[PDB]
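Quick heads-up: the structure tokens below are two forms of one chain, split into structure 1 and structure 2.
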Structure 1
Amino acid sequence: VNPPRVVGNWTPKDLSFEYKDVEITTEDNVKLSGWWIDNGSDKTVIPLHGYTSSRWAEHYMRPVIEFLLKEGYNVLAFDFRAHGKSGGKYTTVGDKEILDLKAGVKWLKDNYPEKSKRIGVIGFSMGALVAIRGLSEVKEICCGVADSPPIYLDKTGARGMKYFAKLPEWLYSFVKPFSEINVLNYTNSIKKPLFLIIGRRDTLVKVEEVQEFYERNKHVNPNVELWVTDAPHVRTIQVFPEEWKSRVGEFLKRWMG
């Protein structure tokens, strides 16, 4: 069962940029909907949204797209399969979505090579998982930012989909029906710069889980960083915008070149 499709009302035009509505087709023939935002750069950053969300998400996608454009990067921003306006019959919460990222990268190199000499990625939640995987498996990606990445998908899924309070009964009963990948393996294969962000108030992903990833990856990656904040799930950029942009900005600056 896919989550409801969420589509916002704003466009890159509201950010004072021209944009193209584009269609990206995956290795497995899913048609994705996205924006290509040309900023006159040779570098592109792809911001990846979270489960049940889309490219419009006002509390983190709008700010990060506006931040990326401000920083001067080009932006490719698309909806994951089964989300927003994108096709695909099923979301796989981080599994087949690697193909979504792969297709986005391929699309950049096929259509705008000179606008994507360097490609970076920023992921939130599910998108953060995909960022991690892409940073390992997709060679064209030079660096990645992973904000609130689910490390133990089983536990995180349980935290976000289950509700245990029996009273009132009408609520417990109404939601109960809805409550129906080895990420740590990637700590041995990622050798590129990776910026992990995790909030102390995050009820879906624990600090210790992300910290586990960091310390295991540190032994093969001198350029993995961990930032532990006081925000809840994917909301560091909402609660600590200037500091979020400062740290991620400096990180992109350094490795995007």
Structure 2
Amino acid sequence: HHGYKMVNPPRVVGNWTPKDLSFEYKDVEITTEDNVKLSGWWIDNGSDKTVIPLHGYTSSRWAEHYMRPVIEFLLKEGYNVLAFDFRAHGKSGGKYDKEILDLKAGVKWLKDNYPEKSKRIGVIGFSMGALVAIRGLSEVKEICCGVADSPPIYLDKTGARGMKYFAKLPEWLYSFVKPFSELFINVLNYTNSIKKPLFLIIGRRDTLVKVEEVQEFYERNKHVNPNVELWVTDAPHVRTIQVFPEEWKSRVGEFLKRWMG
């Protein structure tokens, strides 16, 4: 095989909007510093606080097993929400590292256009989005706190684990899933630079990320960050909010109340 010059994620657009949660919202376009046009929802909930939920690789803002519940949860807590698709995902433009530019653009859009709605900004990321949340908490000054649910710490190891499950499929399904494996950053370096409140969540039934990996991130970061916390759960990858919704929302709700005001 000769490899792949380029592998763009699938684009999945769901069939619900914040209207289905009984919240008014705007469809907006956000432009990044490298001129990528992102698609998102601006959901003005009458707050001076905004939380930005970040979806995973190959996912989108619609993912019903974690994005719909987290957006509903955030709005019911009274926060404003900006929820956008990462580049090349969902309805966003761009051809498929750079997702930090997407988050920076979203924060800039809030500060430029709705500063009164974004006096405080928090981030919640899932899977790939949890890595972007971690990077954002380090590099984006306007973010005051972050939740990182199932962050891959060792991208190569996580990639290799996924591959272990490809052996079982029929050949047509294999050639479908393989390019995204091959398409699939030093995460631990961020343990030195994150000094802001951080809530790490990792599940024991996660077949992509080991609890030991997130535990080591915690052990390193806690020596320079007095507000990092770790929750080890009994759920699969990014599905604590699905399997343990009451506890996830209680704990994350308390964390956000603590830092968002």
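Here, residue number means position along structure 1's sequence, counting from 1. Residues that one form lacks are left out of the comparison. In this text, the rigid core denotes the largest set of C-alpha atoms whose superposition between the two forms falls within 1.5 Å.
Here the two forms are overlaid on the core, and between structures 1 and 2 the C-alpha of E169 is the only one among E169, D110, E137, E140 to shift by 2 Å or more. The two forms line up on their rigid core, and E71 then has its Cα shifted by 0.3 Å between structures 1 and 2. Once the core is aligned between structures 1 and 2, the alpha carbon position of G160 differs by 2.5 Å; this is the C-alpha shift at that site. Regions where at least three consecutive shared residues each shift by 2 Å or more at the C-alpha between structures 1 and 2, after core superposition, reduce to one span, 160-180.
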